[PDB]
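Student: Supplied in structure tokens, the structure appears directly below.
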Amino acid sequence: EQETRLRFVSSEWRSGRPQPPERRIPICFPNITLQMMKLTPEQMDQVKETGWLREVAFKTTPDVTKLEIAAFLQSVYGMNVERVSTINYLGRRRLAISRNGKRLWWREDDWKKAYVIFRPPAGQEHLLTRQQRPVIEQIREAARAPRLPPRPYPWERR
Amino acid sequence: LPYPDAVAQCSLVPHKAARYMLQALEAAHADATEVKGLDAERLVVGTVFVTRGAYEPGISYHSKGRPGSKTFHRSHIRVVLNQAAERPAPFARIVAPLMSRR
Amino acid sequence: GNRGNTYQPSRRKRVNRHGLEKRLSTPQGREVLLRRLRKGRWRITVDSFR
Amino acid sequence: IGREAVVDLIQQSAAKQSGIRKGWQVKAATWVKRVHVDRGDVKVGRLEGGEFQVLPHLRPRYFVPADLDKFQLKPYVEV
Amino acid sequence: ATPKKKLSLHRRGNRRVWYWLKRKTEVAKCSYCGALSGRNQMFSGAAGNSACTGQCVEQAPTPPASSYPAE
RNA sequence: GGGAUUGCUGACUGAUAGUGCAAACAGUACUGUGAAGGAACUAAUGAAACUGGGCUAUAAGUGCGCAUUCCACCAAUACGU
RNA sequence: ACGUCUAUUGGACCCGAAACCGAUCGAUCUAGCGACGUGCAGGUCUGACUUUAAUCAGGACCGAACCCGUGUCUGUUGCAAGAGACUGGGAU
RNA sequence: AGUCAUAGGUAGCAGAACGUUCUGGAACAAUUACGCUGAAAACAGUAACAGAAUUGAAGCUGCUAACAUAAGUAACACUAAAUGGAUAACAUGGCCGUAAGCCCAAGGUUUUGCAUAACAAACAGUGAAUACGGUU
RNA sequence: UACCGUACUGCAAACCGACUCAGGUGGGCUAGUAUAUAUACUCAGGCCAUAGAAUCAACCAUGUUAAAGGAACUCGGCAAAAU
RNA sequence: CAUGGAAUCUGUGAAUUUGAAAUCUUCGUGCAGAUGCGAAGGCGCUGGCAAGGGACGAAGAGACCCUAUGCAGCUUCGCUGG
Ligand SMILES: [Mg+2]
Ligand SMILES: [Mg+2]
Ligand SMILES: [Mg+2]
Ligand SMILES: [Mg+2]
Ligand SMILES: [Mg+2]
Ligand SMILES: [Mg+2]
Ligand SMILES: [Mg+2]
Ligand SMILES: [Mg+2]
Ligand SMILES: [Mg+2]
Ligand SMILES: [Mg+2]
Ligand SMILES: [Mg+2]
Ligand SMILES: [Mg+2]
Ligand SMILES: [Mg+2]
Ligand SMILES: [Mg+2]
Ligand SMILES: [Mg+2]
Ligand SMILES: [Mg+2]
Ligand SMILES: [Mg+2]
Ligand SMILES: [Mg+2]
Ligand SMILES: [Mg+2]
Ligand SMILES: [Mg+2]
Ligand SMILES: [Mg+2]
Ligand SMILES: [Mg+2]
Ligand SMILES: [Mg+2]
Ligand SMILES: [Mg+2]
Ligand SMILES: [Mg+2]
Ligand SMILES: [Mg+2]
Ligand SMILES: [Mg+2]
Ligand SMILES: [Mg+2]
Ligand SMILES: [Mg+2]
Ligand SMILES: [Mg+2]
Ligand SMILES: [Zn+2]
């Protein structure tokens, strides 16, 4: 089966600067994958009714674009996307010690994490849903606070 | 030695090995008294010896590029507590502590 | 003068010396790559990745 | 002896030992944080004065069907 | 500055006499909790003794005193 | 001459042997800037060195699985099941 | 002809050189060159220009950052397969 | 089966045997062996007759692996300094302060965060929205 | 108005030296006495984890002081002291 | 006298070396300088902390000399080559 080719750093350096295509076709049969991560249970109850959150984070593949995630969410799931922020992650290293001790090492496939900021759909904008105290008192209280303890060592008992 | 003054000899030294020897003697005493039906205060430590364990080989970095070792050693303990025909001489005189004072 | 530290790491120099393209630029570098293939090495060059 | 023939033999040799990136590929996977490797994205524009301009015909358009609601085919067929 | 031959098991045992520890001829034993220590050392709960029941000290009455607590 | 299938082929070897590799991932881990070098590891059994203690002081049966030859269907020319 | 023992050609009872000839890889250590860029606290002396004035020169001097390693001592399976301390040399 | 003669040996030469693995002669260990001795030796105690050998090891500063000795010896001395029943949050004391502080580069590439042991890596974390660096 | 970098470390226990190696590693920012980025103490900030515990061995290393002399030492005032 | 090792304790924890050792002295002998042979004598046994005369201590199968059908580089009115 045809799969991921090896790439070479000198080859991408020499044959550099990918050019934009001359024509872009509307994408029938798209191949694009998104998944949410874990939500807080109160956020899960926030999604169970009325289906909305201000900030949702997604796992995607690293060959996507902020424009593609925004266009896909707006086109398919009917959302209003305000901004997308993308982070490229390496896969996790995995260790799966063998019948003779070898230290078999794996690497998960690289993924891109998108932070999508949403917008209230139509007329429902009330669900942004949030006395005073002086900031001089805040800083003066946070300056007389006890310091954080130094981090214990993994063999150290406290 | 008998069992109580063996516990006394282990409990009177600051060595790290004495805690492991106490663990072995306490395990042997627990087997002898609850697993078996031997009488206490007559148990004598009639057989105790140390055998080799599996080592963990390491490396130490001598000067001029020469290698060395910091092998982590292990050992085993076999303890056998016999029961004597009479309660024996305790070999170490039991005196009153500092707390037992008027 | 203490020796032993001849390897001063640099990604630019590593790819520019032992990379794929300088190996392919000359004929004897191409037979170097060919005998790396005939031996069966899993990593063909220092800059190969996927 | 040609340059393309050597690269094709390298790729055929790399067809074996493929899948979930085991062994040397675990370290080689970290080249994407060392030399600014360009991923498999489609370019949507070009720099003229250092400000990027997205060409509007290269913006992504998805031809989604009119209604995927009460459509009579599901992703699963009954046994 | 270097051994010329290999030490035998008998010679090694003779050389290792300094490494052995002497047995102690006295011990202070608490009758309640069965603790063991020297006669000059406290081995009750204030020191390390998780088995202490306080019966090691059998009398401690001291109610009266008067002073200025500095606050 | 060279590259792959088959060997009712072997007075070839049987895990320090036989290929460098009988193994989850061997041209691997690892070494070297690089070309290049390049391991160990099967399943049971558990010898010696070594170190503590003690002492002394009936060349058979019975089940399965196939191969050979009979049979009866066969492409009907090497056997096809 | 077989068997045994010698002999010759083969690596020819086994292990061990310094070598010689080719054609791979190495200036990420180091030597030279080339392109681009950066740095040289504080003072001292001499010469020149202009002065109502916020300029230049010296393979100049003392001296930090920086570069090097003179002497002594320590260290010698060392902290280090060439280091440390104190004195040192250069520092437009 | 009674008399005689011979029997020190290096280099070397000659003669007789023991043992290991495999094969041929149809098959010599399915259900083991185990009276502890015998023989001049090599050895034997699970055939024998022939054959084919990667056929015998204290001895090559041989190679590989394991285990000792030195030996619980040397080392754990470059530095600022620690104390209070804790590598403490608190208190006391000290050290650097053109660094032993702060911000980056090269290089490294997850070494980064969480549990008064614990069952926790299997889980998290890097957001370009100031004309940030690159790509030109 | 996309794509890549953004964690952590970076005079160092995370880089180059087989090591938690007394070695080597580029640029920038900075307060007072005060006056120079030197020197002594200190600001902001950081640190007192990687062997601990007492004590009068000899001896070794590194220093302080030393009466009267003073290179008489030594291959050589080397090393210290001194300006 | 001061600081830091060393010496004591607790915890971590090597290596050089090693035919086997249960290894005395003197004189003699001897591959020609003996722990091991001969004669005479001495010695309760085992260690810690020190000093290093011996164990022809250990560390390099090359300090110097000689030899090889020995190599290597260099030199020249050594030889031969376009
Ligand atoms: Mg230097
Ligand atoms: Mg190296
Ligand atoms: Mg093999
Ligand atoms: Mg093996
Ligand atoms: Mg082989
Ligand atoms: Mg096995
Ligand atoms: Mg045995
Ligand atoms: Mg013949
Ligand atoms: Mg080159
Ligand atoms: Mg200087
Ligand atoms: Mg001068
Ligand atoms: Mg004879
Ligand atoms: Mg005779
Ligand atoms: Mg047969
Ligand atoms: Mg052989
Ligand atoms: Mg100790
Ligand atoms: Mg504390
Ligand atoms: Mg970085
Ligand atoms: Mg980004
Ligand atoms: Mg430094
Ligand atoms: Mg080193
Ligand atoms: Mg360091
Ligand atoms: Mg200070
Ligand atoms: Mg400390
Ligand atoms: Mg005077
Ligand atoms: Mg001290
Ligand atoms: Mg003599
Ligand atoms: Mg003595
Ligand atoms: Mg001694
Ligand atoms: Mg000759
Ligand atoms: Zn008690």
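If you're wondering about the labels, chains in the structure tokens are A, B, ... by order shown, residues count from 1 in each chain, ligands from 1 in order shown.
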Give me, as an MDAnalysis selection string, the set of residues whose atoms come within 12 Å of any atom of ligand 30, counting only C-alpha atoms (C1' of nucleotides) and all ligand atoms.

Tutor: chainID J and resid 67:70

Student: Would you pick out the contacts of stretch 50-67 of chain D at 10 Å or less, using only C-alpha atoms (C1' of nucleotides), so that residues sharing its chain but fewer than 5 positions from it are not included, and give the list as a ChimeraX atom specification?

Tutor: /A:20-30,65,67-72,74-76 /D:42-45 /H:131,135-136 /I:1-2

Student: Taking only C-alpha atoms (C1' of nucleotides) and all ligand atoms into account, report as a list in words which residues have an atom no farther than 12 Å from an atom of ligand 29.

Tutor: residues 1 and 15 of chain E; 73 of chain H; 47, 48, 49, 50, 51 and 52 of chain J

Student: Could you please take those selected residues and save N, CA, C and O atoms (P, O5', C5', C4', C3', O3' and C1' of nucleotides) as a PDB file, in the first residue's frame?

Tutor:
ATOM      1  N   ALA E   1      52.555  -1.223  46.739  1.00  0.00           N
ATOM      2  CA  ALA E   1      51.311  -0.437  46.596  1.00  0.00           C
ATOM      3  C   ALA E   1      50.309  -1.266  45.796  1.00  0.00           C
ATOM      4  O   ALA E   1      49.313  -0.697  45.314  1.00  0.00           O
ATOM      5  N   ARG E  15      42.124 -10.904  58.196  1.00  0.00           N
ATOM      6  CA  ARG E  15      42.290  -9.444  57.969  1.00  0.00           C
ATOM      7  C   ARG E  15      41.000  -8.683  58.284  1.00  0.00           C
ATOM      8  O   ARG E  15      41.101  -7.505  58.618  1.00  0.00           O
TER       9      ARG E  15
ATOM     10  P     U H  73      35.981   0.346  54.296  1.00  0.00           P
ATOM     11  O5'   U H  73      37.449   0.786  53.881  1.00  0.00           O
ATOM     12  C5'   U H  73      38.572  -0.016  54.202  1.00  0.00           C
ATOM     13  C4'   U H  73      39.627   0.090  53.137  1.00  0.00           C
ATOM     14  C3'   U H  73      39.696   1.422  52.419  1.00  0.00           C
ATOM     15  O3'   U H  73      40.426   2.393  53.146  1.00  0.00           O
ATOM     16  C1'   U H  73      39.755  -0.332  50.836  1.00  0.00           C
TER      17        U H  73
ATOM     18  P     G J  47      46.402 -10.734  59.874  1.00  0.00           P
ATOM     19  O5'   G J  47      45.347  -9.546  59.856  1.00  0.00           O
ATOM     20  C5'   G J  47      45.752  -8.210  60.099  1.00  0.00           C
ATOM     21  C4'   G J  47      44.772  -7.492  60.990  1.00  0.00           C
ATOM     22  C3'   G J  47      44.968  -5.990  61.090  1.00  0.00           C
ATOM     23  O3'   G J  47      44.371  -5.294  60.013  1.00  0.00           O
ATOM     24  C1'   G J  47      44.771  -6.890  63.259  1.00  0.00           C
ATOM     25  P     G J  48      45.183  -4.142  59.247  1.00  0.00           P
ATOM     26  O5'   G J  48      44.670  -2.801  59.930  1.00  0.00           O
ATOM     27  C5'   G J  48      43.288  -2.583  60.169  1.00  0.00           C
ATOM     28  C4'   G J  48      43.084  -1.524  61.222  1.00  0.00           C
ATOM     29  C3'   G J  48      43.864  -0.237  61.013  1.00  0.00           C
ATOM     30  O3'   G J  48      43.212   0.658  60.130  1.00  0.00           O
ATOM     31  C1'   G J  48      44.145  -0.982  63.241  1.00  0.00           C
ATOM     32  P     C J  49      44.026   1.364  58.940  1.00  0.00           P
ATOM     33  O5'   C J  49      44.854   2.510  59.664  1.00  0.00           O
ATOM     34  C5'   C J  49      44.222   3.465  60.503  1.00  0.00           C
ATOM     35  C4'   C J  49      45.246   4.201  61.321  1.00  0.00           C
ATOM     36  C3'   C J  49      46.469   4.652  60.551  1.00  0.00           C
ATOM     37  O3'   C J  49      46.253   5.839  59.816  1.00  0.00           O
ATOM     38  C1'   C J  49      47.155   3.608  62.551  1.00  0.00           C
ATOM     39  P     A J  50      47.101   6.090  58.484  1.00  0.00           P
ATOM     40  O5'   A J  50      48.476   6.663  59.030  1.00  0.00           O
ATOM     41  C5'   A J  50      49.664   6.487  58.287  1.00  0.00           C
ATOM     42  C4'   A J  50      50.884   6.483  59.166  1.00  0.00           C
ATOM     43  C3'   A J  50      52.181   6.196  58.440  1.00  0.00           C
ATOM     44  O3'   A J  50      52.699   7.350  57.817  1.00  0.00           O
ATOM     45  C1'   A J  50      52.071   4.892  60.406  1.00  0.00           C
ATOM     46  P     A J  51      53.061   7.315  56.262  1.00  0.00           P
ATOM     47  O5'   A J  51      54.604   6.926  56.255  1.00  0.00           O
ATOM     48  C5'   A J  51      55.478   7.370  57.284  1.00  0.00           C
ATOM     49  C4'   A J  51      56.756   6.582  57.262  1.00  0.00           C
ATOM     50  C3'   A J  51      57.166   6.118  55.883  1.00  0.00           C
ATOM     51  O3'   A J  51      57.854   7.141  55.191  1.00  0.00           O
ATOM     52  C1'   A J  51      57.366   4.331  57.439  1.00  0.00           C
ATOM     53  P     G J  52      57.978   7.098  53.600  1.00  0.00           P
ATOM     54  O5'   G J  52      59.301   6.251  53.370  1.00  0.00           O
ATOM     55  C5'   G J  52      59.477   5.489  52.189  1.00  0.00           C
ATOM     56  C4'   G J  52      59.985   4.111  52.490  1.00  0.00           C
ATOM     57  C3'   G J  52      60.165   3.214  51.274  1.00  0.00           C
ATOM     58  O3'   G J  52      61.286   2.360  51.473  1.00  0.00           O
ATOM     59  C1'   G J  52      58.568   2.261  52.749  1.00  0.00           C
TER      60        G J  52
END

Student: Please find the residues contacting ligand 4 at a distance of at most 8 Å between atoms, with only C-alpha atoms (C1' of nucleotides) and all ligand atoms counted, and report them as a PyMOL selection string.

Tutor: (chain F and resi 15-16+40) or (chain H and resi 65)

Student: Which neighbours of residue G:78 fall inside 12 Å, counting only C-alpha atoms (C1' of nucleotides), when residues of the same chain fewer than 2 positions from it are skipped, and could you give them as a list in words?

Tutor: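 The residues that qualify are residues 61, 62, 63, 64, 65 and 66 of chain B; 74, 75, 76, 80, 81, 82, 83 and 84 of chain G; 75 of chain H; 21 and 22 of chain I.
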
Student: Atom CA of residue A:111 to atom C1' of residue H:109: how many Å, to one decimal?

Tutor: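 Computing it gives 16.7 Å between the two atoms.
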
Student: Near stretch 94-102 of chain H, within 9 Å and counting only C-alpha atoms (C1' of nucleotides), which residues show up once chain neighbours fewer than 6 positions away are dropped, as a ChimeraX atom specification?

Tutor: /H:80-82 /I:29-30,37,42-48

Student: Identify, on the basis of only C-alpha atoms (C1' of nucleotides), every residue whose closest approach to residue E:40 does not exceed 9 Å; exclude the query and any residue fewer than 3 positions from it along the same chain; express the result as a ChimeraX atom specification.

Tutor: /B:97-98 /E:28,37

Student: Select, as a list in words, those residues of chain I with any atom no more than 12 Å from chain A (distances computed using only C-alpha atoms (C1' of nucleotides)).

Tutor: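 Contact residues on the first chain: residues 1, 2, 3, 4, 5, 6, 7, 49 and 50 of chain I.
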
Student: Could you report the residues within 9 Å of ligand 27, using only C-alpha atoms (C1' of nucleotides) and all ligand atoms, as JSON, numbers by chain?

Tutor: {"J": [27, 28, 29, 33, 34]}

Student: Please produce a file of the residues just selected, as a PDB file, in the first residue's frame, where the atoms kept are N, CA and C atoms (P, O5', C5', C4', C3', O3' and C1' of nucleotides).

Tutor:
ATOM      1  P     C J  27      74.426 -12.745  55.814  1.00  0.00           P
ATOM      2  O5'   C J  27      75.198 -14.134  55.741  1.00  0.00           O
ATOM      3  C5'   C J  27      76.453 -14.303  56.380  1.00  0.00           C
ATOM      4  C4'   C J  27      76.847 -15.755  56.461  1.00  0.00           C
ATOM      5  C3'   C J  27      77.045 -16.476  55.141  1.00  0.00           C
ATOM      6  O3'   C J  27      78.269 -16.191  54.495  1.00  0.00           O
ATOM      7  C1'   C J  27      75.746 -17.823  56.563  1.00  0.00           C
ATOM      8  P     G J  28      78.318 -16.132  52.891  1.00  0.00           P
ATOM      9  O5'   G J  28      78.164 -17.652  52.439  1.00  0.00           O
ATOM     10  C5'   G J  28      79.209 -18.588  52.653  1.00  0.00           C
ATOM     11  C4'   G J  28      78.728 -20.007  52.487  1.00  0.00           C
ATOM     12  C3'   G J  28      78.333 -20.424  51.082  1.00  0.00           C
ATOM     13  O3'   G J  28      79.445 -20.782  50.284  1.00  0.00           O
ATOM     14  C1'   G J  28      76.672 -21.120  52.605  1.00  0.00           C
ATOM     15  P     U J  29      79.445 -20.481  48.709  1.00  0.00           P
ATOM     16  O5'   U J  29      78.367 -21.492  48.125  1.00  0.00           O
ATOM     17  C5'   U J  29      78.598 -22.891  48.125  1.00  0.00           C
ATOM     18  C4'   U J  29      77.348 -23.646  47.762  1.00  0.00           C
ATOM     19  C3'   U J  29      76.793 -23.374  46.377  1.00  0.00           C
ATOM     20  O3'   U J  29      77.434 -24.143  45.382  1.00  0.00           O
ATOM     21  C1'   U J  29      75.048 -23.273  47.962  1.00  0.00           C
ATOM     22  P     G J  33      74.403 -13.352  41.564  1.00  0.00           P
ATOM     23  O5'   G J  33      73.217 -13.792  42.529  1.00  0.00           O
ATOM     24  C5'   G J  33      73.494 -14.329  43.817  1.00  0.00           C
ATOM     25  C4'   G J  33      72.799 -13.579  44.930  1.00  0.00           C
ATOM     26  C3'   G J  33      71.276 -13.699  44.975  1.00  0.00           C
ATOM     27  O3'   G J  33      70.854 -13.664  46.337  1.00  0.00           O
ATOM     28  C1'   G J  33      71.877 -11.434  44.782  1.00  0.00           C
ATOM     29  P     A J  34      70.130 -14.931  46.999  1.00  0.00           P
ATOM     30  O5'   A J  34      68.683 -14.393  47.371  1.00  0.00           O
ATOM     31  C5'   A J  34      67.572 -14.623  46.514  1.00  0.00           C
ATOM     32  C4'   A J  34      66.531 -15.511  47.153  1.00  0.00           C
ATOM     33  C3'   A J  34      66.494 -15.524  48.683  1.00  0.00           C
ATOM     34  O3'   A J  34      65.144 -15.659  49.125  1.00  0.00           O
ATOM     35  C1'   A J  34      66.845 -17.713  47.877  1.00  0.00           C
TER      36        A J  34
END

Student: Separation of atom CA of residue C:35 and atom CA of residue D:6, in Å?

Tutor: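 Computing the Euclidean distance for atom CA of residue C:35 and atom CA of residue D:6 yields 10.7 Å.
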
Student: Please identify every residue of chain C that has at least one atom no farther than 9 Å from an atom of chain H, counting only C-alpha atoms (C1' of nucleotides), and for each give the shortest atom pair and the distance in Å to one decimal, arranged by chain then increasing number, as a Markdown table.

Tutor:
| residue | atom | partner | partner_atom | distance |
| --- | --- | --- | --- | --- |
| C:8 | CA | H:107 | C1' | 8.7 |
| C:9 | CA | H:107 | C1' | 6.5 |
| C:10 | CA | H:107 | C1' | 7.3 |
| C:11 | CA | H:107 | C1' | 9.0 |

Student: What would the file look like if the residues just selected were written as a short mmCIF file (atom, residue, chain, number, x, y, z; two decimals), in the first residue's frame with C-alpha atoms?

Tutor:
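What ended up in part36.cif:
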data_model
loop_
_atom_site.label_atom_id
_atom_site.label_comp_id
_atom_site.auth_asym_id
_atom_site.auth_seq_id
_atom_site.Cartn_x
_atom_site.Cartn_y
_atom_site.Cartn_z
CA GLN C 8 30.43 21.07 17.59
CA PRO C 9 26.78 20.54 16.61
CA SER C 10 25.11 22.57 13.87
CA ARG C 11 22.05 21.60 11.84
#

Student: Residues near residue E:31, anyone? I mean within 12 Å using only C-alpha atoms (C1' of nucleotides), not counting same-chain ones fewer than 5 positions away, as a list in words.

Tutor: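 Contacts, with the query itself left out: residues 94, 95, 96, 97, 99 and 100 of chain B; 36, 51, 52, 53, 54, 55, 56, 57 and 58 of chain E.
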
Student: Produce a file of the selected residues containing N, CA, C and O atoms, as an mmCIF file, in the first residue's frame.

Tutor:
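result24.cif written:
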data_model
loop_
_atom_site.group_PDB
_atom_site.id
_atom_site.type_symbol
_atom_site.label_atom_id
_atom_site.label_comp_id
_atom_site.auth_asym_id
_atom_site.auth_seq_id
_atom_site.Cartn_x
_atom_site.Cartn_y
_atom_site.Cartn_z
ATOM 1 N N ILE B 94 18.768 -6.818 81.831
ATOM 2 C CA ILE B 94 17.698 -5.860 81.585
ATOM 3 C C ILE B 94 17.659 -4.862 82.731
ATOM 4 O O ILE B 94 17.430 -5.234 83.886
ATOM 5 N N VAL B 95 17.871 -3.590 82.412
ATOM 6 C CA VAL B 95 17.891 -2.524 83.397
ATOM 7 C C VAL B 95 16.708 -1.602 83.135
ATOM 8 O O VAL B 95 16.083 -1.639 82.077
ATOM 9 N N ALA B 96 16.395 -0.784 84.128
ATOM 10 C CA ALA B 96 15.249 0.100 84.005
ATOM 11 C C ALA B 96 15.596 1.331 83.170
ATOM 12 O O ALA B 96 16.715 1.846 83.246
ATOM 13 N N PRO B 97 14.648 1.826 82.371
ATOM 14 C CA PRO B 97 14.918 3.005 81.538
ATOM 15 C C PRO B 97 14.986 4.315 82.305
ATOM 16 O O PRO B 97 14.869 4.336 83.534
ATOM 17 N N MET B 99 12.741 6.599 81.922
ATOM 18 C CA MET B 99 11.365 6.968 82.211
ATOM 19 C C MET B 99 10.922 6.421 83.559
ATOM 20 O O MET B 99 10.173 7.084 84.284
ATOM 21 N N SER B 100 11.386 5.224 83.911
ATOM 22 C CA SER B 100 11.026 4.569 85.165
ATOM 23 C C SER B 100 11.849 5.190 86.287
ATOM 24 O O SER B 100 12.844 4.638 86.761
ATOM 25 N N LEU E 36 13.292 -1.242 73.364
ATOM 26 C CA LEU E 36 14.664 -1.587 73.802
ATOM 27 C C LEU E 36 15.586 -0.417 73.466
ATOM 28 O O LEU E 36 15.521 0.051 72.315
ATOM 29 N N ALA E 51 5.124 2.827 69.528
ATOM 30 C CA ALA E 51 4.450 1.803 70.343
ATOM 31 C C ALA E 51 4.188 2.335 71.753
ATOM 32 O O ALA E 51 3.578 1.598 72.537
ATOM 33 N N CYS E 52 4.572 3.580 72.036
ATOM 34 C CA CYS E 52 4.463 4.110 73.422
ATOM 35 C C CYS E 52 2.999 4.273 73.823
ATOM 36 O O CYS E 52 2.217 4.790 73.009
ATOM 37 N N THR E 53 2.657 3.849 75.041
ATOM 38 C CA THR E 53 1.274 4.022 75.547
ATOM 39 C C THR E 53 1.273 4.999 76.722
ATOM 40 O O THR E 53 0.197 5.217 77.291
ATOM 41 N N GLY E 54 2.437 5.533 77.085
ATOM 42 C CA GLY E 54 2.545 6.492 78.199
ATOM 43 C C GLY E 54 2.723 5.803 79.538
ATOM 44 O O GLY E 54 3.055 6.495 80.505
ATOM 45 N N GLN E 55 2.582 4.478 79.582
ATOM 46 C CA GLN E 55 2.702 3.716 80.852
ATOM 47 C C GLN E 55 4.168 3.660 81.273
ATOM 48 O O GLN E 55 4.424 3.224 82.403
ATOM 49 N N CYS E 56 5.081 4.036 80.377
ATOM 50 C CA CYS E 56 6.537 4.065 80.683
ATOM 51 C C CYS E 56 6.789 5.083 81.799
ATOM 52 O O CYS E 56 7.676 4.831 82.634
ATOM 53 N N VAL E 57 6.074 6.217 81.795
ATOM 54 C CA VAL E 57 6.160 7.188 82.918
ATOM 55 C C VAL E 57 4.944 6.933 83.794
ATOM 56 O O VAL E 57 3.764 7.035 83.398
ATOM 57 N N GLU E 58 5.223 6.587 85.009
ATOM 58 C CA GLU E 58 4.017 6.188 85.789
ATOM 59 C C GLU E 58 3.420 7.286 86.656
ATOM 60 O O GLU E 58 2.325 7.044 87.187
#

Student: Contacts between ligand 17 and chain H, please, where a residue of chain H counts if it comes within 8 Å (with only C-alpha atoms (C1' of nucleotides) and all ligand atoms); show its shortest atom pair and distance in Å to one decimal, rows by chain and ascending number, as CSV.

Tutor:
residue,atom,partner,partner_atom_place_in_ligand_line,distance
H:83,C1',ligand 17,1 (Mg),7.2
H:84,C1',ligand 17,1 (Mg),7.7
H:86,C1',ligand 17,1 (Mg),7.0
H:87,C1',ligand 17,1 (Mg),7.2
H:88,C1',ligand 17,1 (Mg),7.0

Student: Save the residues we just selected, N, CA, C and O atoms (P, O5', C5', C4', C3', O3' and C1' of nucleotides), as a PDB file, in the first residue's frame?

Tutor:
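And here is the file that came out, again-v4.pdb:
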ATOM      1  P     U H  83      22.429  22.548  59.806  1.00  0.00           P
ATOM      2  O5'   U H  83      21.634  23.456  60.832  1.00  0.00           O
ATOM      3  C5'   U H  83      22.210  23.825  62.071  1.00  0.00           C
ATOM      4  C4'   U H  83      21.303  24.748  62.839  1.00  0.00           C
ATOM      5  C3'   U H  83      19.909  24.226  63.124  1.00  0.00           C
ATOM      6  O3'   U H  83      19.864  23.334  64.221  1.00  0.00           O
ATOM      7  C1'   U H  83      19.777  26.449  62.344  1.00  0.00           C
ATOM      8  P     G H  84      18.962  22.012  64.144  1.00  0.00           P
ATOM      9  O5'   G H  84      17.537  22.493  64.648  1.00  0.00           O
ATOM     10  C5'   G H  84      17.402  23.172  65.882  1.00  0.00           C
ATOM     11  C4'   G H  84      16.158  24.020  65.916  1.00  0.00           C
ATOM     12  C3'   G H  84      14.846  23.308  65.661  1.00  0.00           C
ATOM     13  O3'   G H  84      14.376  22.640  66.816  1.00  0.00           O
ATOM     14  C1'   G H  84      14.914  25.358  64.468  1.00  0.00           C
ATOM     15  P     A H  86      14.593  17.557  61.892  1.00  0.00           P
ATOM     16  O5'   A H  86      13.991  17.125  60.488  1.00  0.00           O
ATOM     17  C5'   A H  86      12.613  17.328  60.206  1.00  0.00           C
ATOM     18  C4'   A H  86      12.309  17.090  58.753  1.00  0.00           C
ATOM     19  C3'   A H  86      13.164  17.897  57.787  1.00  0.00           C
ATOM     20  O3'   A H  86      13.351  17.131  56.602  1.00  0.00           O
ATOM     21  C1'   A H  86      10.903  18.442  57.461  1.00  0.00           C
ATOM     22  P     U H  87      14.767  16.442  56.294  1.00  0.00           P
ATOM     23  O5'   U H  87      15.445  17.456  55.280  1.00  0.00           O
ATOM     24  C5'   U H  87      14.630  18.141  54.345  1.00  0.00           C
ATOM     25  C4'   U H  87      15.376  19.207  53.595  1.00  0.00           C
ATOM     26  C3'   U H  87      14.481  20.047  52.696  1.00  0.00           C
ATOM     27  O3'   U H  87      14.986  21.381  52.605  1.00  0.00           O
ATOM     28  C1'   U H  87      16.048  18.867  51.372  1.00  0.00           C
ATOM     29  P     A H  88      14.334  22.574  53.468  1.00  0.00           P
ATOM     30  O5'   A H  88      12.767  22.288  53.456  1.00  0.00           O
ATOM     31  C5'   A H  88      11.964  22.648  52.340  1.00  0.00           C
ATOM     32  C4'   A H  88      10.653  23.263  52.757  1.00  0.00           C
ATOM     33  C3'   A H  88      10.708  24.712  53.202  1.00  0.00           C
ATOM     34  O3'   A H  88      10.774  25.620  52.119  1.00  0.00           O
ATOM     35  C1'   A H  88       9.385  23.476  54.714  1.00  0.00           C
TER      36        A H  88
END
